[PDB]
Structures are given as C-alpha cells and as structure tokens.
file final.tsv (TSV, C-alpha atoms)
chain	number	residue	atom	x	y	z
C	46	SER	CA	-34.85	-7.64	-40.66
C	47	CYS	CA	-32.72	-7.84	-37.51
C	48	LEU	CA	-35.00	-5.26	-35.81
C	49	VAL	CA	-35.44	-6.33	-32.16
C	50	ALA	CA	-36.45	-4.59	-28.93
C	51	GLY	CA	-36.15	-6.31	-25.56
C	52	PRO	CA	-37.38	-4.75	-22.30
C	53	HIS	CA	-35.25	-6.22	-19.51
C	54	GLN	CA	-34.64	-5.45	-15.85
C	55	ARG	CA	-30.99	-5.23	-14.79
C	56	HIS	CA	-29.37	-4.64	-11.40
C	57	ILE	CA	-26.83	-1.82	-11.29
C	58	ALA	CA	-24.62	-0.69	-8.41
C	59	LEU	CA	-23.83	3.01	-8.69
C	60	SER	CA	-20.86	4.64	-7.02
C	61	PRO	CA	-21.38	7.64	-4.70
C	62	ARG	CA	-19.32	9.65	-7.19
C	63	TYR	CA	-22.25	9.60	-9.64
C	64	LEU	CA	-24.91	10.81	-7.20
C	65	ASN	CA	-25.64	14.24	-8.67
C	66	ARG	CA	-24.92	12.79	-12.14
C	67	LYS	CA	-26.65	9.41	-12.32
C	68	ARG	CA	-27.83	8.96	-15.91
C	69	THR	CA	-24.25	9.87	-16.81
C	70	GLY	CA	-22.93	7.22	-14.44
C	71	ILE	CA	-25.55	4.51	-14.94
C	72	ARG	CA	-23.95	4.15	-18.39
C	73	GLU	CA	-20.33	5.29	-17.93
C	74	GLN	CA	-19.17	1.72	-17.26
C	75	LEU	CA	-22.02	-0.39	-15.88
C	76	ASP	CA	-23.96	-0.48	-19.18
C	77	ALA	CA	-21.39	0.74	-21.73
C	78	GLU	CA	-19.02	-2.15	-20.91
C	79	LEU	CA	-20.80	-4.72	-23.14
C	80	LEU	CA	-21.53	-2.39	-26.05
C	81	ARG	CA	-22.86	-4.71	-28.77
C	82	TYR	CA	-21.03	-7.63	-27.20
C	83	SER	CA	-22.67	-11.05	-27.39
C	84	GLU	CA	-25.08	-11.69	-24.52
C	85	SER	CA	-25.66	-15.25	-23.32
C	86	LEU	CA	-28.54	-14.50	-20.93
C	87	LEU	CA	-30.78	-13.72	-23.92
C	88	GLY	CA	-28.60	-13.95	-27.05
C	89	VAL	CA	-28.17	-10.22	-27.56
C	90	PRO	CA	-25.67	-7.80	-29.09
C	91	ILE	CA	-26.23	-4.68	-26.96
C	92	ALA	CA	-26.37	-1.93	-29.59
C	93	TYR	CA	-26.95	0.98	-27.12
C	94	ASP	CA	-29.36	1.56	-24.15
C	95	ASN	CA	-32.13	3.92	-25.47
C	96	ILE	CA	-33.44	4.65	-21.91
C	97	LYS	CA	-32.27	3.48	-18.40
C	98	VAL	CA	-34.74	4.48	-15.55
C	99	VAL	CA	-35.28	3.35	-11.88
C	100	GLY	CA	-38.81	2.52	-10.61
C	101	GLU	CA	-38.26	4.07	-7.12
C	102	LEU	CA	-35.53	4.81	-4.44
C	103	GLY	CA	-32.08	3.21	-3.83
C	104	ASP	CA	-30.87	0.85	-1.10
C	105	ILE	CA	-27.37	1.55	0.38
C	106	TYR	CA	-26.49	-1.86	2.02
C	107	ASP	CA	-24.86	-1.49	5.51
C	108	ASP	CA	-20.98	-1.22	5.27
C	109	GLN	CA	-21.01	-1.17	1.38
C	110	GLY	CA	-20.84	2.39	-0.06
C	111	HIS	CA	-22.47	1.69	-3.40
C	112	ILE	CA	-26.13	2.45	-4.13
C	113	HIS	CA	-27.86	-0.60	-5.59
C	114	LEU	CA	-30.86	-0.13	-7.87
C	115	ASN	CA	-32.87	-1.54	-10.75
C	116	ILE	CA	-32.70	-0.40	-14.38
C	117	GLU	CA	-35.53	-1.10	-16.81
C	118	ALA	CA	-33.87	-0.86	-20.22
C	119	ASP	CA	-34.92	-1.60	-23.78
C	120	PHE	CA	-32.12	-3.23	-25.73
C	121	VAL	CA	-32.43	-2.48	-29.43
C	122	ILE	CA	-30.84	-5.62	-30.87
C	123	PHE	CA	-29.92	-7.04	-34.28
C	124	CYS	CA	-30.69	-10.77	-34.14
C	125	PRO	CA	-29.49	-12.94	-37.04
C	126	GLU	CA	-30.79	-16.31	-35.86
C	127	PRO	CA	-31.29	-19.86	-37.19
C	128	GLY	CA	-34.05	-19.85	-39.77
C	129	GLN	CA	-32.67	-16.88	-41.73
C	130	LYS	CA	-30.80	-16.54	-45.02
C	131	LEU	CA	-28.49	-13.56	-44.54
C	132	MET	CA	-25.91	-11.82	-46.71
C	133	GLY	CA	-22.15	-11.50	-46.42
C	134	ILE	CA	-19.33	-9.37	-47.79
C	135	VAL	CA	-17.03	-11.37	-50.06
C	136	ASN	CA	-13.52	-9.96	-49.64
C	137	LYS	CA	-11.07	-12.87	-49.40
C	138	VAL	CA	-11.58	-16.39	-50.76
C	139	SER	CA	-9.88	-19.16	-48.78
C	140	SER	CA	-10.13	-22.91	-48.33
C	141	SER	CA	-10.38	-22.45	-44.56
C	142	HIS	CA	-13.29	-20.02	-44.77
C	143	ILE	CA	-14.97	-17.15	-46.60
C	144	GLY	CA	-14.55	-14.05	-44.46
C	147	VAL	CA	-22.29	-7.38	-43.28
C	148	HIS	CA	-22.36	-3.59	-42.77
C	149	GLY	CA	-18.58	-3.67	-42.32
C	150	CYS	CA	-18.84	-4.77	-38.67
C	151	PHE	CA	-20.51	-8.22	-38.55
C	152	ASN	CA	-17.83	-10.83	-39.27
C	153	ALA	CA	-18.99	-14.10	-40.83
C	154	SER	CA	-17.30	-17.47	-41.33
C	155	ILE	CA	-17.84	-20.47	-43.61
C	156	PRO	CA	-15.83	-23.62	-42.69
C	157	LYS	CA	-14.76	-25.96	-45.48
C	158	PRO	CA	-17.49	-28.65	-45.92
C	159	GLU	CA	-20.46	-26.26	-46.04
C	160	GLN	CA	-20.81	-25.61	-49.80
C	161	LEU	CA	-22.08	-27.75	-52.65
C	162	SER	CA	-19.30	-30.21	-53.52
C	163	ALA	CA	-20.20	-29.96	-57.22
C	164	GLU	CA	-18.17	-26.74	-57.47
C	165	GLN	CA	-14.39	-27.02	-57.81
C	166	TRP	CA	-11.95	-24.26	-56.93
C	167	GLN	CA	-8.99	-22.52	-58.56
C	168	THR	CA	-6.40	-20.61	-56.51
C	169	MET	CA	-6.80	-17.03	-57.82
C	170	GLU	CA	-10.62	-16.96	-57.60
C	171	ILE	CA	-13.21	-19.73	-57.40
C	172	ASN	CA	-15.84	-20.50	-60.04
C	173	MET	CA	-19.19	-22.05	-59.12
C	174	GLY	CA	-21.40	-24.35	-61.17
C	175	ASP	CA	-22.00	-22.25	-64.30
C	176	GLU	CA	-18.58	-20.52	-64.12
C	177	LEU	CA	-20.33	-17.34	-62.93
C	178	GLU	CA	-18.11	-15.37	-60.57
C	179	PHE	CA	-20.05	-13.95	-57.60
C	180	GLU	CA	-18.14	-11.67	-55.20
C	181	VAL	CA	-21.07	-9.71	-53.71
C	182	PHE	CA	-23.77	-9.69	-51.03
C	183	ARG	CA	-25.63	-12.95	-51.65
C	184	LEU	CA	-27.04	-16.03	-49.93
C	185	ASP	CA	-25.62	-16.60	-46.43
C	186	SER	CA	-27.75	-18.66	-44.01
C	187	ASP	CA	-26.15	-18.84	-40.56
C	188	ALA	CA	-27.46	-21.32	-37.97
C	189	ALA	CA	-24.27	-22.35	-36.13
C	190	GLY	CA	-23.20	-19.31	-34.14
C	191	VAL	CA	-20.14	-18.61	-32.01
C	192	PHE	CA	-20.80	-16.36	-29.01
C	193	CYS	CA	-17.68	-16.93	-26.86
C	194	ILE	CA	-14.54	-15.58	-28.54
C	195	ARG	CA	-13.85	-11.86	-28.06
C	196	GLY	CA	-14.36	-11.24	-31.77
C	197	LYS	CA	-17.32	-13.53	-32.34
C	198	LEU	CA	-18.34	-15.19	-35.59
C	199	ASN	CA	-21.35	-15.71	-37.85
C	200	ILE	CA	-21.07	-19.05	-39.63
C	201	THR	CA	-23.16	-18.79	-42.79
C	202	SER	CA	-24.60	-21.55	-44.98
C	203	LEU	CA	-26.15	-21.94	-48.41
C	204	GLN	CA	-27.72	-25.42	-48.18
E	1663	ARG	CA	-35.43	-25.95	24.24
E	1664	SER	CA	-38.37	-23.52	24.02
E	1665	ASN	CA	-36.41	-21.26	21.67
E	1666	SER	CA	-37.09	-20.46	18.03
E	1667	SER	CA	-33.43	-20.35	16.91
E	1668	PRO	CA	-31.46	-23.52	16.07
E	1669	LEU	CA	-28.25	-21.54	15.44
E	1670	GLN	CA	-28.62	-20.08	18.88
E	1671	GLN	CA	-29.30	-22.87	21.35
E	1672	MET	CA	-26.33	-24.71	19.72
E	1673	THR	CA	-23.85	-21.83	20.33
E	1674	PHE	CA	-24.66	-22.31	24.05
E	1675	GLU	CA	-24.33	-25.93	25.22
E	1676	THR	CA	-25.09	-29.54	24.15
E	1677	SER	CA	-24.59	-28.32	20.56
E	1678	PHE	CA	-24.87	-31.84	19.12
E	1679	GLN	CA	-28.18	-32.71	20.81
E	1680	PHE	CA	-29.60	-29.37	19.60
E	1681	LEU	CA	-28.24	-30.09	16.12
E	1682	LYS	CA	-29.70	-33.60	16.05
E	1683	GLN	CA	-33.04	-32.13	17.13
E	1684	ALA	CA	-32.98	-29.32	14.56
E	1685	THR	CA	-32.03	-31.90	11.92
E	1686	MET	CA	-34.67	-34.57	12.54
E	1687	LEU	CA	-37.34	-31.84	12.71
E	1688	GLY	CA	-36.32	-29.79	9.66
E	1689	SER	CA	-36.09	-26.83	12.02
E	1690	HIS	CA	-35.79	-23.50	10.22
E	1691	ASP	CA	-33.73	-20.53	11.40
E	1692	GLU	CA	-34.68	-16.93	10.63
E	1693	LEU	CA	-31.29	-15.30	11.33
E	1694	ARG	CA	-32.69	-12.78	13.80
E	1695	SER	CA	-30.70	-13.59	16.94
E	1696	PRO	CA	-27.28	-12.05	17.56
E	1697	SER	CA	-25.71	-15.51	17.43
E	1698	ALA	CA	-27.43	-16.57	14.20
E	1699	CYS	CA	-26.52	-13.14	12.81
E	1700	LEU	CA	-22.83	-13.51	13.70
E	1701	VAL	CA	-22.64	-17.11	12.46
E	1702	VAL	CA	-23.67	-16.36	8.86
E	1703	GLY	CA	-21.94	-12.97	8.74
E	1704	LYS	CA	-24.84	-10.54	9.04
E	1705	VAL	CA	-25.32	-7.32	11.00
E	1706	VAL	CA	-26.99	-7.79	14.37
E	1707	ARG	CA	-30.63	-6.67	14.51
E	1708	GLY	CA	-30.28	-4.25	17.42
E	1709	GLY	CA	-28.64	-0.99	18.33
E	1710	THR	CA	-27.17	0.52	15.18
E	1711	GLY	CA	-28.59	-2.14	12.88
E	1712	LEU	CA	-32.34	-1.73	13.22
E	1713	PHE	CA	-33.25	0.36	10.15
E	1714	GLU	CA	-32.28	1.04	6.55
E	1715	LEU	CA	-30.97	4.24	4.94
E	1716	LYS	CA	-32.64	4.24	1.51
E	1717	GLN	CA	-30.74	6.84	-0.48
E	1718	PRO	CA	-33.45	8.51	-2.62
E	1719	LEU	CA	-33.03	8.81	-6.38
D	51	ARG	CA	-46.23	8.77	11.31
D	52	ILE	CA	-46.44	7.26	14.80
D	53	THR	CA	-42.79	6.80	15.82
D	54	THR	CA	-40.77	9.36	17.72
D	55	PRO	CA	-39.90	12.57	15.82
D	56	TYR	CA	-36.33	12.78	17.13
D	57	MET	CA	-33.26	11.05	15.71
D	58	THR	CA	-32.03	8.32	18.05
D	59	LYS	CA	-28.30	8.18	18.74
D	60	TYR	CA	-27.95	4.94	16.77
D	61	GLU	CA	-29.54	6.65	13.77
D	62	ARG	CA	-27.19	9.62	14.06
D	63	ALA	CA	-24.23	7.23	14.24
D	64	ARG	CA	-25.27	5.23	11.18
D	65	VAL	CA	-26.18	8.32	9.15
D	66	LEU	CA	-22.85	9.97	9.92
D	67	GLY	CA	-21.04	6.75	9.05
D	68	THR	CA	-22.84	6.37	5.72
D	69	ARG	CA	-22.46	10.03	4.73
D	70	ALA	CA	-18.76	9.81	5.60
D	71	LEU	CA	-18.28	6.63	3.58
D	72	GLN	CA	-19.96	8.44	0.69
D	73	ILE	CA	-17.88	11.62	0.96
D	74	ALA	CA	-14.74	9.47	1.14
D	75	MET	CA	-15.75	7.76	-2.11
D	76	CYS	CA	-15.60	11.13	-3.89
D	77	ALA	CA	-19.09	12.33	-3.34
D	78	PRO	CA	-20.00	16.02	-3.67
D	79	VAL	CA	-19.95	17.84	-0.33
D	80	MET	CA	-22.89	20.23	-0.01
D	81	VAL	CA	-21.48	21.89	3.13
D	82	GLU	CA	-18.60	24.13	1.97
D	83	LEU	CA	-15.80	22.41	3.85
D	84	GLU	CA	-13.12	24.77	5.17
D	85	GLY	CA	-9.84	22.86	5.11
D	86	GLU	CA	-10.66	19.69	7.07
D	87	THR	CA	-9.41	16.30	5.88
D	88	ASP	CA	-11.73	14.12	7.98
D	89	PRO	CA	-14.87	12.83	6.21
D	90	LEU	CA	-16.57	12.39	9.59
D	91	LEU	CA	-16.07	16.05	10.50
D	92	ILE	CA	-17.53	16.91	7.09
D	93	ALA	CA	-20.47	14.59	7.74
D	94	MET	CA	-21.11	16.31	11.07
D	95	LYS	CA	-20.88	19.69	9.33
D	96	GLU	CA	-23.52	18.48	6.87
D	97	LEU	CA	-25.77	17.07	9.59
D	98	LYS	CA	-25.66	20.40	11.43
D	99	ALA	CA	-26.71	22.27	8.26
D	100	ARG	CA	-29.60	19.85	7.59
D	101	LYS	CA	-28.20	18.77	4.20
D	102	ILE	CA	-28.33	14.98	4.09
D	103	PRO	CA	-30.67	13.37	1.51
D	104	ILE	CA	-31.02	10.01	3.26
D	105	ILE	CA	-34.23	8.23	4.27
D	106	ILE	CA	-34.21	6.43	7.61
D	107	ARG	CA	-36.43	3.38	7.13
D	108	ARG	CA	-37.52	2.43	10.65
D	109	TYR	CA	-38.64	-1.20	10.77
D	110	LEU	CA	-41.36	-2.34	13.12
D	111	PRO	CA	-41.21	-5.83	14.65
D	112	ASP	CA	-43.78	-7.22	12.17
D	113	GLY	CA	-42.12	-6.11	8.90
D	114	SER	CA	-44.08	-2.88	8.56
D	115	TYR	CA	-41.78	0.15	8.03
D	116	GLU	CA	-41.96	4.00	8.16
D	117	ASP	CA	-39.74	6.21	5.90
D	118	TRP	CA	-38.47	9.38	7.62
D	119	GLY	CA	-36.29	12.06	6.10
D	120	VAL	CA	-33.03	12.98	7.76
D	121	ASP	CA	-34.14	16.59	7.29
D	122	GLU	CA	-37.55	16.00	8.92
D	123	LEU	CA	-36.06	14.59	12.13
D	124	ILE	CA	-35.25	16.59	15.26
D	125	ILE	CA	-31.51	16.23	15.82
D	126	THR	CA	-30.72	16.88	19.48
A	6	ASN	CA	-17.51	-5.35	-5.50
A	7	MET	CA	-19.20	-7.58	-2.95
A	8	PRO	CA	-21.66	-10.39	-3.75
A	9	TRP	CA	-24.57	-8.08	-2.78
A	10	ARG	CA	-26.81	-11.03	-1.87
A	11	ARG	CA	-27.92	-11.64	1.71
A	12	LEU	CA	-29.24	-14.61	3.66
A	13	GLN	CA	-32.83	-14.83	4.91
A	14	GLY	CA	-33.09	-18.12	6.77
A	15	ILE	CA	-31.06	-21.37	7.23
A	16	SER	CA	-32.81	-24.79	7.56
A	17	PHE	CA	-31.22	-28.03	8.81
A	18	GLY	CA	-32.46	-31.26	7.17
A	19	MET	CA	-31.01	-34.65	6.20
A	20	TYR	CA	-29.36	-35.38	2.80
A	21	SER	CA	-31.10	-37.98	0.61
A	22	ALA	CA	-28.02	-40.24	0.15
A	23	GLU	CA	-28.88	-40.19	-3.51
A	24	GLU	CA	-28.21	-36.45	-3.89
A	25	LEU	CA	-24.93	-36.78	-1.99
A	26	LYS	CA	-23.99	-38.63	-5.14
A	27	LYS	CA	-23.21	-35.94	-7.71
A	28	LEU	CA	-21.93	-34.21	-4.60
A	29	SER	CA	-18.85	-36.39	-4.95
A	30	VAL	CA	-15.82	-36.10	-7.21
A	31	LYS	CA	-14.61	-39.69	-6.80
A	32	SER	CA	-14.73	-42.74	-4.56
A	33	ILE	CA	-11.64	-43.30	-2.41
A	34	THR	CA	-10.31	-46.84	-1.98
A	35	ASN	CA	-6.62	-46.79	-0.99
A	36	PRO	CA	-6.15	-47.02	2.81
A	37	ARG	CA	-2.57	-45.73	3.02
A	38	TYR	CA	-3.03	-41.98	2.57
A	39	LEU	CA	0.52	-40.80	3.31
A	40	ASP	CA	3.01	-41.40	0.52
A	41	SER	CA	6.44	-42.84	1.27
A	42	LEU	CA	7.81	-39.27	1.34
A	43	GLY	CA	4.74	-37.39	2.59
A	44	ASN	CA	2.77	-36.58	-0.56
A	45	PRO	CA	-0.79	-37.64	-1.43
A	46	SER	CA	-1.24	-41.24	-2.56
A	47	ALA	CA	-3.67	-41.51	-5.46
A	48	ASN	CA	-7.16	-42.71	-4.50
A	49	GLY	CA	-6.41	-42.20	-0.81
A	50	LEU	CA	-8.00	-39.83	1.66
A	51	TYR	CA	-5.76	-36.92	0.68
A	52	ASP	CA	-6.29	-36.85	-3.08
A	53	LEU	CA	-5.88	-34.28	-5.83
A	54	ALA	CA	-9.54	-34.43	-6.87
A	55	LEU	CA	-10.73	-33.70	-3.30
A	56	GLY	CA	-8.80	-30.43	-3.73
A	57	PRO	CA	-5.24	-29.20	-3.21
A	58	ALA	CA	-4.64	-29.58	0.56
call {"tool": "encode", "arguments": {"input": "final.tsv", "output": "structure tokens"}}
result
Amino acid sequence: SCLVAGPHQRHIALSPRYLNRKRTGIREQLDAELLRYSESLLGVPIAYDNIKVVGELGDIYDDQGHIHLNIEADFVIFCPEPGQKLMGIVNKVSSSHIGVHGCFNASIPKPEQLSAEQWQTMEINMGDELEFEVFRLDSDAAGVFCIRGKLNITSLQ
Amino acid sequence: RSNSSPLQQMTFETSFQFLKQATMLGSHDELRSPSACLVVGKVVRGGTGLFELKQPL
Amino acid sequence: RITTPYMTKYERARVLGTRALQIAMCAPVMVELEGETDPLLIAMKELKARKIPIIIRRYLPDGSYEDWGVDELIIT
Amino acid sequence: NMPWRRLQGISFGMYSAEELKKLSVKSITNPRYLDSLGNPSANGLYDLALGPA
C-alpha cells in the first residue's frame, strides 16, 4: 500500500499581501506549485499539505519585504518503490512500451518481458495463449523522476 | 596590528602584508566592522542597523 | 526589560521604512487612508495611531536580545 | 526573490594544492594567447573552457 506520511520542515517566504490571510497564502503558490510532482529531495509526489504551521514569529530581513518563516508539514505520499510488484492499466499494446487509478502513467520498454512469448499485431498472446488486458503484475524498480510527465517503468521478472 | 578584523586593517594600508599575515595565521573575520560589512555586502552594525523587526505571526 | 522605553530615531526610521515597503507591496492599511499616494505618509499615519504589529528586537553586544512591541514603545 | 542566505564570518587560509585540482577546468600549454585576428587560441591563456571573456 502506497500509504506514506513524511513530516518535513520547509522554508517559505510569504508576501506582505498575505499577512491577514496567511494559511491562504502559505499554500496559494509556495506549496501548491509542486502538487503531486516528483520530489528529488526525498522521492515524493506531494499529494496535498494536510497542515502547514509555523513554530513561532517571522523574520523580515532588512531591505527585503518578504516575511521568511518555517513550515512543518506532513506530506501524505504514495510511494511505489523498488521491491514492489504493482499493477497497471492495459490500454494500448505496443512494441515500444505498454502504457493505475487513471493518473499514474507506467512504461515497459521492449526487452523487459519473457522472450518465450511471441507477439501478433492486433493483440499479443502470452505463453498459454491466454489474453490478459487487466490490472496484473507490474513490478517497477527503474523510475523516471525528471520529465514533466514522469514515468513508472514496470517489470514482471 | 592589534585589531580583530582582517578585512579591516587591509582596507587601510599595507593590504598585502595584512593579507599575508591573516593567511599564514588562518585569521578569522566576524563581519562586524563597517569595512568588513561593506566588503561582503551586509548592512553596517550601527545606526539604523542595530536591531531586527520580527514581524509576529 | 532593562533598555530604554522610548523609540530611538533609528528605530522609528527603520519601522517606517519597513511598514512602507509592506504597504507598497499591497498590504492592508489599518489606518483609513484619506487620499494620499505616499506609502511613507501612510506609515506615519499608522505610527501615530499606534497600529503597527512589528517587534523591535534590540540586540545587546553579547548576542542577548530583548523583544519590544512597536505599540509598547513611547514614540516622541 | 533574493538568495535569503547571509554571511557570518570569512576566514583566510592557504589552499592545499591538491584541492586546487578539481578547481581547474583544464591545463593551459600554448604560449601565444592572441589569435592571428584577435580571437582566443585553443589551450592558451584566453580559452573557451576558462569562460567566455
């Protein structure tokens, strides 16, 4: 189960426009800008910030107008990681690849299946000629985290 | 020479002797003089810069 | 708790400057401005009404500090 | 949006001579630095790995 919770401290610089309305502004752009976008600091899709609080006070720094402060936030995260056998939606069968929950996109480059199974253009048949186009074995351990629309490269061996 | 600021003391005179000294001694600078504060782009530690403002949340 | 109760002129200058730089960045003005376009005039209007939620953090020469409120400070 | 990070202290010491290495993009060997027409001669003082002048 991808269930994850990570308590992390972030640094956020709030504009003086969001003084009376901080909780509104602490999220408007400074936290809602990487909404479930791959994180490299901890390997995290940021689902949503459940709570964003400040321990005490804010430090306006000399000429700068912004108010800098610290945000202790729990990121509820879905972590499919190496060591897991996940599922995948089978929609389109290709030689290049085989493209969960309608939002997690997964990939399967060519030489990642059992080579005992030979393919036909319209649909592919596996060992015992049993057609499987459904949530089934998908074990991803090589993961892209760079491209805007990231990937989830799944395996079955 | 009896001064605790290498960045000062080299903005005055004989800057290369005071740099050689500060270098062979590992001399540390605290960025509290006006000269050391204007060399590294800080706000001087007197007059208007002597306190914080600490906007409360 | 031991420093002077009044607001030094340098503190007034920096507080006005910071409040003005805040007002100019679209901050709410708690002073009911009356047609003036200068953020510094507005900051003075706010300082005269005792509406500035800033905390002057006076530093002593050994690192120890004292946090005063701009409201709890005798403006001359 | 400024860097936000400030300096507390500056110390002057001597570089190891072995850490200056890896602080070096390439070794220069060609004496004549000015090209026939005024451009940078490769491997000279003015080079295109030591930055665009």
call {"tool": "closest_residue", "arguments": {"input": "final.tsv", "among": "C:48, C:78, C:110, C:72", "to": "chain D", "atoms": "all atoms listed in the file"}}
result
C:110
call {"tool": "residues_near_point", "arguments": {"input": "final.tsv", "point": "(-33.4, 5.8, -20.3)", "cutoff": "10 Å", "atoms": "only C-alpha atoms", "output": "VMD selection string"}}
result
chain C and resid 68 71 to 72 94 to 99 116 to 119
call {"tool": "residues_around", "arguments": {"input": "final.tsv", "residues": "region 69-72 of chain D", "least_positions_apart": "4", "cutoff": "7 Å", "atoms": "only C-alpha atoms", "output": "compact mmCIF listing (two decimals) with C-alpha atoms, keeping the file's coordinate frame"}}
result
# COMPACT_ATOMS: atom_id res chain seq x y z
CA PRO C 61 -21.38 7.64 -4.70
CA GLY C 110 -20.84 2.39 -0.06
CA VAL D 65 -26.18 8.32 9.15
CA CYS D 76 -15.60 11.13 -3.89
CA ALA D 77 -19.09 12.33 -3.34
CA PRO D 89 -14.87 12.83 6.21
CA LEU D 90 -16.57 12.39 9.59
CA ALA D 93 -20.47 14.59 7.74
call {"tool": "interface_residues", "arguments": {"input": "final.tsv", "of": "chain C", "to": "chain D", "cutoff": "12 Å", "atoms": "only C-alpha atoms", "output": "list in words"}}
result
residues 59, 60, 61, 62, 63, 64, 65, 66, 102, 103, 104, 105, 106, 107, 108, 109, 110, 111 and 112 of chain C
call {"tool": "closest_atom_pairs", "arguments": {"input": "final.tsv", "of": "chain D", "to": "chain E", "cutoff": "12 Å", "atoms": "only C-alpha atoms", "output": "JSON lines"}}
result
{"residue": "D:58", "atom": "CA", "partner": "E:1710", "partner_atom": "CA", "distance": 9.6}
{"residue": "D:59", "atom": "CA", "partner": "E:1710", "partner_atom": "CA", "distance": 8.5}
{"residue": "D:60", "atom": "CA", "partner": "E:1710", "partner_atom": "CA", "distance": 4.8}
{"residue": "D:61", "atom": "CA", "partner": "E:1710", "partner_atom": "CA", "distance": 6.7}
{"residue": "D:62", "atom": "CA", "partner": "E:1710", "partner_atom": "CA", "distance": 9.2}
{"residue": "D:63", "atom": "CA", "partner": "E:1710", "partner_atom": "CA", "distance": 7.4}
{"residue": "D:64", "atom": "CA", "partner": "E:1710", "partner_atom": "CA", "distance": 6.5}
{"residue": "D:65", "atom": "CA", "partner": "E:1715", "partner_atom": "CA", "distance": 7.6}
{"residue": "D:66", "atom": "CA", "partner": "E:1715", "partner_atom": "CA", "distance": 11.1}
{"residue": "D:67", "atom": "CA", "partner": "E:1710", "partner_atom": "CA", "distance": 10.7}
{"residue": "D:68", "atom": "CA", "partner": "E:1715", "partner_atom": "CA", "distance": 8.4}
{"residue": "D:69", "atom": "CA", "partner": "E:1717", "partner_atom": "CA", "distance": 10.3}
{"residue": "D:72", "atom": "CA", "partner": "E:1717", "partner_atom": "CA", "distance": 11.0}
{"residue": "D:102", "atom": "CA", "partner": "E:1717", "partner_atom": "CA", "distance": 9.6}
{"residue": "D:103", "atom": "CA", "partner": "E:1717", "partner_atom": "CA", "distance": 6.8}
{"residue": "D:104", "atom": "CA", "partner": "E:1717", "partner_atom": "CA", "distance": 4.9}
{"residue": "D:105", "atom": "CA", "partner": "E:1716", "partner_atom": "CA", "distance": 5.1}
{"residue": "D:106", "atom": "CA", "partner": "E:1715", "partner_atom": "CA", "distance": 4.7}
{"residue": "D:107", "atom": "CA", "partner": "E:1714", "partner_atom": "CA", "distance": 4.8}
{"residue": "D:108", "atom": "CA", "partner": "E:1713", "partner_atom": "CA", "distance": 4.8}
{"residue": "D:109", "atom": "CA", "partner": "E:1713", "partner_atom": "CA", "distance": 5.6}
{"residue": "D:110", "atom": "CA", "partner": "E:1712", "partner_atom": "CA", "distance": 9.0}
{"residue": "D:111", "atom": "CA", "partner": "E:1712", "partner_atom": "CA", "distance": 9.9}
{"residue": "D:113", "atom": "CA", "partner": "E:1713", "partner_atom": "CA", "distance": 11.0}
{"residue": "D:114", "atom": "CA", "partner": "E:1713", "partner_atom": "CA", "distance": 11.4}
{"residue": "D:115", "atom": "CA", "partner": "E:1713", "partner_atom": "CA", "distance": 8.8}
{"residue": "D:116", "atom": "CA", "partner": "E:1713", "partner_atom": "CA", "distance": 9.6}
{"residue": "D:117", "atom": "CA", "partner": "E:1716", "partner_atom": "CA", "distance": 8.6}
{"residue": "D:118", "atom": "CA", "partner": "E:1715", "partner_atom": "CA", "distance": 9.5}
{"residue": "D:119", "atom": "CA", "partner": "E:1715", "partner_atom": "CA", "distance": 9.5}
{"residue": "D:120", "atom": "CA", "partner": "E:1715", "partner_atom": "CA", "distance": 9.4}
call {"tool": "interface_residues", "arguments": {"input": "final.tsv", "of": "chain E", "to": "chain A", "cutoff": "6 Å", "atoms": "all atoms listed in the file", "output": "JSON, numbers by chain"}}
result
{"E": [1685, 1688, 1689, 1690, 1691, 1692, 1693]}
call {"tool": "atom_distance", "arguments": {"input": "final.tsv", "atom1": "CA of residue 82 (chain D)", "atom2": "CA of residue 69 (chain C)"}}
result
24.2 Å
call {"tool": "residues_around", "arguments": {"input": "final.tsv", "residues": "region 42-57 of chain A", "least_positions_apart": "3", "cutoff": "10 Å", "atoms": "all atoms listed in the file", "output": "JSON, numbers by chain"}}
result
{"A": [29, 30, 31, 32, 33, 34, 35, 36, 37, 38, 39]}
call {"tool": "atom_distance", "arguments": {"input": "final.tsv", "atom1": "CA of residue 188 (chain C)", "atom2": "CA of residue 132 (chain C)"}}
result
13.0 Å
call {"tool": "residues_around", "arguments": {"input": "final.tsv", "residues": "residue 175 (chain C)", "least_positions_apart": "2", "cutoff": "12 Å", "atoms": "only C-alpha atoms", "output": "NGL selection string"}}
result
:C and (163-165 or 171-173 or 177-179)
call {"tool": "atom_distance", "arguments": {"input": "final.tsv", "atom1": "CA of residue 80 (chain D)", "atom2": "CA of residue 92 (chain D)"}}
result
9.5 Å
call {"tool": "interface_residues", "arguments": {"input": "final.tsv", "of": "chain A", "to": "chain C", "cutoff": "12 Å", "atoms": "all atoms listed in the file", "output": "MDAnalysis selection string"}}
result
chainID A and resid 6:11
call {"tool": "residues_near_point", "arguments": {"input": "final.tsv", "point": "(-29.1, -10.1, -25.8)", "cutoff": "12 Å", "atoms": "only C-alpha atoms", "output": "ChimeraX atom specification"}}
result
/C:49-53,79-94,118-126,192
call {"tool": "decode", "arguments": {"input": "final.tsv", "residues": "region 1677-1684 of chain E", "atoms": "N, CA, C and O atoms", "output": "mmCIF file, in the first residue's frame"}}
result
data_model
loop_
_atom_site.group_PDB
_atom_site.id
_atom_site.type_symbol
_atom_site.label_atom_id
_atom_site.label_comp_id
_atom_site.auth_asym_id
_atom_site.auth_seq_id
_atom_site.Cartn_x
_atom_site.Cartn_y
_atom_site.Cartn_z
ATOM 1 N N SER E 1677 47.999 46.538 2.517
ATOM 2 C CA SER E 1677 46.966 45.492 2.410
ATOM 3 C C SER E 1677 47.551 44.127 2.147
ATOM 4 O O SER E 1677 46.837 43.169 2.359
ATOM 5 N N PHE E 1678 48.755 44.047 1.612
ATOM 6 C CA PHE E 1678 49.305 42.728 1.218
ATOM 7 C C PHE E 1678 50.053 42.137 2.401
ATOM 8 O O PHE E 1678 50.027 40.932 2.544
ATOM 9 N N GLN E 1679 50.688 42.953 3.219
ATOM 10 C CA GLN E 1679 51.290 42.440 4.463
ATOM 11 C C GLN E 1679 50.201 41.952 5.407
ATOM 12 O O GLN E 1679 50.424 40.951 6.069
ATOM 13 N N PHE E 1680 49.070 42.634 5.463
ATOM 14 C CA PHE E 1680 47.976 42.284 6.387
ATOM 15 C C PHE E 1680 47.223 41.102 5.818
ATOM 16 O O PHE E 1680 46.554 40.444 6.582
ATOM 17 N N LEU E 1681 47.290 40.877 4.513
ATOM 18 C CA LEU E 1681 46.709 39.678 3.921
ATOM 19 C C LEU E 1681 47.618 38.473 4.120
ATOM 20 O O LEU E 1681 47.146 37.380 4.449
ATOM 21 N N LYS E 1682 48.927 38.652 3.927
ATOM 22 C CA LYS E 1682 49.865 37.570 4.206
ATOM 23 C C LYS E 1682 49.772 37.130 5.660
ATOM 24 O O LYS E 1682 49.749 35.928 5.956
ATOM 25 N N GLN E 1683 49.725 38.091 6.585
ATOM 26 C CA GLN E 1683 49.533 37.754 7.990
ATOM 27 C C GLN E 1683 48.257 36.946 8.187
ATOM 28 O O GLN E 1683 48.298 35.800 8.647
ATOM 29 N N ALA E 1684 47.109 37.527 7.836
ATOM 30 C CA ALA E 1684 45.833 36.844 8.012
ATOM 31 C C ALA E 1684 45.797 35.481 7.340
ATOM 32 O O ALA E 1684 44.991 34.633 7.736
#
